[PDB]
Amino acid sequence: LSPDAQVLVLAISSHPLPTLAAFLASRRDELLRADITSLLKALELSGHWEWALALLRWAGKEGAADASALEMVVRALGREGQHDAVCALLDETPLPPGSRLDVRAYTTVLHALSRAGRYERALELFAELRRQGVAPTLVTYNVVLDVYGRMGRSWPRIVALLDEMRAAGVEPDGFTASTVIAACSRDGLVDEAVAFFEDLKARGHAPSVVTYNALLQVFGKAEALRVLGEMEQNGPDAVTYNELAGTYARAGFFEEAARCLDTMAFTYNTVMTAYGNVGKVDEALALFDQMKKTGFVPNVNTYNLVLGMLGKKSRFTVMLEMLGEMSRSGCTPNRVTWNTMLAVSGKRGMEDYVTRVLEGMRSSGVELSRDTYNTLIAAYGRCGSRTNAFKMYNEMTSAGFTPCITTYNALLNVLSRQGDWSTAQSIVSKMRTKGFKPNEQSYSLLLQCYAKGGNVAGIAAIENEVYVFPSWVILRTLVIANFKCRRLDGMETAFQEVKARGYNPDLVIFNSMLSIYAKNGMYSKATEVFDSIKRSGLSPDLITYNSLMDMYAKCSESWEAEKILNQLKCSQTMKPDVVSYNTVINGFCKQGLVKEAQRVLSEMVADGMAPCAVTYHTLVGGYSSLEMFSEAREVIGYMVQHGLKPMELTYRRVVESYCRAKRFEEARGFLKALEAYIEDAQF
Amino acid sequence: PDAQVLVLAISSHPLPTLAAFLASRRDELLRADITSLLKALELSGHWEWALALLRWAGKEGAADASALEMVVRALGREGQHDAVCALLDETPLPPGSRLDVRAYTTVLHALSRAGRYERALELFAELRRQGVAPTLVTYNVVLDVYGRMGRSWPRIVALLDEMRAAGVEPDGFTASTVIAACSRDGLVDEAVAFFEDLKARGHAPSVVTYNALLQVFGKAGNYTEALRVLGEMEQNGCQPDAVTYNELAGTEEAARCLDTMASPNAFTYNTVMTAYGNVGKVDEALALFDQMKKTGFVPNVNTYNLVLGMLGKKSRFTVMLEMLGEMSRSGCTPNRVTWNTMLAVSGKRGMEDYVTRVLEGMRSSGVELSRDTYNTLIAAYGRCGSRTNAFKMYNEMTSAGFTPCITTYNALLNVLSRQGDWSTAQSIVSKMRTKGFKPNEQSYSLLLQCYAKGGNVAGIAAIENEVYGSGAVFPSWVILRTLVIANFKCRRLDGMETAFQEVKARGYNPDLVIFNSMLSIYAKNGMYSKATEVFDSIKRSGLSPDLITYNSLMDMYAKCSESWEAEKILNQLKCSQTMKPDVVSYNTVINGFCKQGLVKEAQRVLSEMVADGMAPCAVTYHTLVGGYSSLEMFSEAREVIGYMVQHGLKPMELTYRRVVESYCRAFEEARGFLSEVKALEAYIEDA
RNA sequence: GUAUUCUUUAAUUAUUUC
RNA sequence: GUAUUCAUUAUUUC
């Protein structure tokens, strides 16, 4: 409008937001003389809804904001969807005393509070709304009914409002019906929901899709029998389908739905999906058969769906069967099919499956692409068939395809399992000359080959090249990788770096840390950790609790470890673990305290737990220590007398202790290379 | 002697070259106790090396069965099943060789773990063709093989006889395997008879045994018989472990499960509650929880937090709050875990008031807030989008004497990311900088998203340049992901191709979000060539095209003025059997005609749309008018209007704007049309 | 301005608007 | 070496 005002507006929309108020002040008099409403509008067209906001708040604090000013921002805020801002204009009103608003605007604020769970404020506002003589509209009504619906237990107030609205001649719509039914749905008002809809009929009213889904939902968590039926034939399965997907989980039946559906594709596929995503594939395959059994001829896309849900259950045998019915019915498998048959969540016996998929994947033409081979490598990688992954890697290249980074990472996954790093290094080095530079994943997979290789070299060689941006994964992978190698420098090093970069560490790191102190020479940072893990608000684990006991055990303070064990007995959620029992027994044994140690073994059994090899092994050590070899020999009996099968270390610890005690023929009688240990000892 | 020195050589050598290295010190090897070298190489965990030598020696003819058996024990002990199936397949033994049973059974199990059953049976046949006597574990492994093939019950009954005829007595491993086999075929009756018959032999069953007998009933059948087993279980005195309740959980139904185990402890109750939780059936666990009380045992805070957590993931606010009150009313006073659990809730509607209602309890609970608690509260208020309250929580943090961390600044930017309020987002990151803090990646993602919802393209590019060069921010899948999106929302084609470039270059494997966006952006221009290449490349990737992929394709053809091809897909989606055309699908098709004309065709589509049920929207009609509004025709676009309000759908701003502009440019016959009923009637004035 | 399940470490003010 | 459901090639081995 005004050239002076256009300059002012441009000057406002260009100014940063944090400084703007100190700026608007400087132009106080300049602003007051103008039409803010016109500035707000101009600041809204230009796409700067947040600058008008600032202006409004400024003017309210000055007295130059009117209803129309506010009403303009609000309409902008709701179309833009900034409920928070709406709610704040209401909590810090830029309005002068009198001040009444347009209906549309009040209903936008009501929706904003609703959107925030401030149902109690919405109702306060609604009351204030009609005591100022504002005629609410259909949308205002529907918004308020929604407030009542999510606030809960407000059915009577809903009856009241429906009355009030009709008595003022505002007939309900579809947003009114669904809103209401979902309200009954959230309160278990099954009975009164139906009487409602069936009253909607009376007064006239065309039924709907969203309606039925709401009604559906009622009987859902609440009947889906004679009900869900109507919804169909009444008239289209859109969202209504999903409702079936959770209908099954909150209940339990396979006969009614078969008996129902019988009586009657997507619709079919929907219900099948409902079964296979909650883990009822046996239930879906039956739905599939029934479906086939009645005319219906599935296409490739229906098979890919069934195979897809069978796949998450690793039902290899029937996936191949389905693969059969396809190709022998015309339904030629597509790319999506093989990818589906190869994206199986790994189980035991996956290799031969994969092998059979590949056999039909190559006995049916289908020229394997580059990505196809990568998919086939990943598959044998999941199983762990290094042998078959690499045969695929070799067949690949020998056919002229060029391996990508996805192909190298695949192979790298494998070796990682087996901690074969000498082969990993070769992969990496190969990929570099080919031009391919390792990514983050490629590194984590290296860190894991090394750790299972006990190669600290390659570990610290990477810790250097990274300290390779250190991502939360890499730093977390490094903390672990060092713990397998039990490396305190490395672990600690990158521990604080995880904090200095604004990452929140999980119980894994904390647990891993606590123990690299317990079994080491630090026993206070440990206490720091168990105080940090808590101060952090995290819930300690048994493992955490067990690692804890090991600390006290190594600090020669065992009863305290016994306390934590006992305290676990009440935990009501924790519940010891022979490890916890073992760990405590190991400590007492380590301090010469062995009666106390078998006293906890007695509890152990009494509690109905189950002593094991390692458990007995501990005592034999602690007995051998203070040379009292008879009570020790009595133990190994117990193990075997109960068939617990001792360990050569159980024997060694006695042999080596029988040697040092000047008793040689004893070491001999009692009793491989061990006897040899006595010979090189005796003389 | 001289061996200890030679082992270290092989133990310290590049694996992919060890062959030629064993070829080197060959004659020192042939005179060395191979099996001896093997035993030594394993004593240091160098088992990959003991294999390579085996294969070497084998190729030289220097490996005997005693050696192979030695490598196999380790592999099995080191869990290396594929490697053993390899030895089976290549054979490093000379002709006429026979192996220990312990080894043979280690291979059988290895063949079983790869699904190579038909092969395991053939090896078993050989093993007993060499007059080797199988042991218990051998018989048991083979049983496990029979049980995973299917239709193998007679072979199980027959082998049971043999093994029992060789004086070999079944065990718990046997029982669980035979019962579990019957569970994998639906052999309910025989599993029972077998159990009955096995019991009657004096065999005391066990947990594992009872667990398989229960999977029978529960897998595909009944919850009443499986529950009965649960019955007979305790009656025997065998305590159901965690795996027990998992079977039931996966097998008014919660009222039953509690009636049986009634004729337990607090840990028991939690074990079954958590079972139903981890399955996804939580209303049941609640039901038990109602009983654990009205039955005696009183739950503590650990038990309650457990329950709250379950509710958390379902974000069942009101009940969570009820439960927090019953806690503090029945005596159970919350802890730092209780609160944190309460604020770790899943985003949703009305979450802001919940958090306020929780914080209201943290405060009254006279519990000093810590630096951590603030970070949580800021995060939750930031997660629901209560920008206003996050910042209030923020200033309250930095005023009680706590120091923000990066998470603290990240929470805050998360909110702004939803609002697009990048100006503040900047002002923050700098503050993060002026405090000795360096922005994370997510910090860069948030800021990125923050610029997107706004429209600030200069801050995006300012991120790309700092990402495509310096190391301040590494091109992480995430960061490149947040870029394809933030450039779409701002329609920066150039800046997406670069990202789709690097993604398909930095070793990444694009996702449907990325593909589709690329498809819609190319389609939003005439970019047919690339777009179709993207679509197929979706196919060549191995992903399933959703509706948005199909709608974007139709709009491309629209855009390319081939709207007939657009309907072929709508038809194709009509019989997709898996994908049902969407409202936006139909419109996209109609507009494509109306954009190039043939509105009588546009009517053709609308017709069936209604024929397929399908209830049209405003846009549906606003588009139909477009063609009828600007096609030397007005008597129709007026008749078409009477289908909106007369059908209570209500037109809109883009609509009428097409009526005046199109009519006031096709005059007077336009004036009377607009008179039939603000911001517009200045266009007419402008004309 | 409003409704029916999933979505809340979010493509869901995602793709259609002569 | 072998079995039951769906950081673990995790924490205890005088």
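Just so it is clear: chains get the letters A, B, ... in the order the sequence lines come, proteins before strands, and each one is counted from 1. Values reported hereafter were calculated over all heavy atoms of this structure, with side chains retained and with hydrogens, waters and symmetry mates removed.
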Worksheet entry | Most 5' of B:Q215 and A:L649 on RNA chain D, judged by nearest nucleotide |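 Counting from the 5' end, the first nearest nucleotide belongs to B:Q215.
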Applying side-chain hydrogen bond (donor to acceptor under 3.5 Å, both in side chains), can you list everything that pairs with [X], at least two apart in sequence or on another chain?
| X | result |
| --- | --- |
| A:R104 | none |
| B:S552 | none |
| B:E78 | none |
| B:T274 | none |

Would you mind calling the pucker of [N] north or south from its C1'-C2'-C3'-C4' torsion?
| N | value |
| --- | --- |
| C:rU4 | north |
| C:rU15 | north |
| D:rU4 | north |

Out of [options], which has the shortest distance to the side chain of [X]?
| X | options | answer |
| --- | --- | --- |
| A:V614 | D:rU4, C:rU15, D:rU12 | D:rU12 |
| A:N582 | D:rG1, D:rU12, C:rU15 | D:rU12 |
| A:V239 | C:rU5, C:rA3, D:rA7 | C:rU5 |
| B:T623 | D:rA3, C:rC18, D:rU11 | C:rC18 |
| A:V579 | C:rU9, C:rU4, D:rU11 | D:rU11 |
| B:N516 | C:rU17, D:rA3, C:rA11 | C:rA11 |
| A:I543 | D:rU11, D:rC6, C:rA3 | D:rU11 |

Item to complete: Classify the side chain of A:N586 versus the base of D:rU12 as yes if they form a donor-acceptor pair under 3.5 Å and no if they do not.
Response: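 When only heavy-atom distances are counted, A:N586 does not reach the base of D:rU12 through any donor-acceptor pair under 3.5 Å.
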Worksheet item: So does B:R349 pair up with A:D146, basic N to acidic O under 4.0 Å?
Response: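 Looking at A:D146 together with B:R349, the answer is yes, because their closest N to O distance falls below 4.0 Å.
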Fill in: 5'-to-3' dot-bracket of RNA chain C (Watson-Crick, G-U; under 3.5 angstrom; crossing pairs as [ ]; | other strand)
..................
Looking across every strand, which nucleic acid part, if any, lies under 4.0 Å from [X] by heavy atom: base, sugar-phosphate, or nothing?
| X | answer |
| --- | --- |
| A:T107 | base |
| A:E80 | base |
| A:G149 | nothing |

Worksheet item: Does a side chain donor of either A:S580 or A:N546 reach within less than 3.5 Å of an acceptor in the other side chain?
Response: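 Checked: A:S580/A:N546 side chains pair up, N/O donor to acceptor below 3.5 Å.
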Worksheet item: How would you list, by chain and number, every residue that makes a side chain to side chain contact (heavy atoms under 4.5 Å, CB included) with A:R79, sequence neighbours excluded?
Response: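 So A:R79 forms no side chain to side chain contact (heavy atoms under 4.5 Å, CB included) with any residue.
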